[PDB]
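# Structure assessment
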Amino acid sequence: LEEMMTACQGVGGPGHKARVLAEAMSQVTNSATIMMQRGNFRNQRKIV
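Quick notes on the rules
Residues numbered from 1 in each chain as written, not as in the entry; some residues may be left out. Heavy atoms only, no water. Helix = DSSP H or I, 4+ residues; strand = E, 2+ residues; numbered from the N terminus. Buried < 20%, exposed > 50% of the residue type's maximum accessible area, 1.4 Å probe, protein only. Areas by Shrake-Rupley, 256 points an atom, 1.4 Å probe, with all protein chains shown as cover.

## Brief notes about the overall build of the protein chain
What the protein chain contains, in helices and strands, is 2 helices and 0 strands. Considering the protein chain as a whole, with its 48 residues, one finds that 4% of them fall into the buried category. In the form shown here, the protein chain has an accessible surface area of approximately 4,500 Å², with 60% of it arising from carbon and sulfur atoms.

What follows is the structure, encoded as C-alpha cells:
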C-alpha cells in the first residue's frame, strides 16, 4: 500500500490538514481584511 497518503492525512504529516489550514488562514486573514476595509471605505470616497 502507498501509505504516504495515509500518513500525510493528519496522523503522520498534515498533507490535507495543511489544506484545511490554508483554507482557514485565507479566511481568517480575509476576516481581518474586512477590518482594514472597515476603515479604508469609511475614511475613503472623501478627500483622498
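That shown, we press on.
## Some details on the environment of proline 14
Secondary-structure assignment places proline 14 in the loop between α1 (4-7) and α2 (17-37). Exposure remark for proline 14: the relative accessible area of 45% places this residue in the partly exposed category. With 34 residues separating them along the chain, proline 14 and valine 48 place their C-alpha atoms 45 Å apart.

## Observations concerning unusual backbone geometry
If you check the backbone angles, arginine 45 has positive phi at about 60 degrees while not being a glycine. You can see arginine 45 is positioned in the segment after α2.

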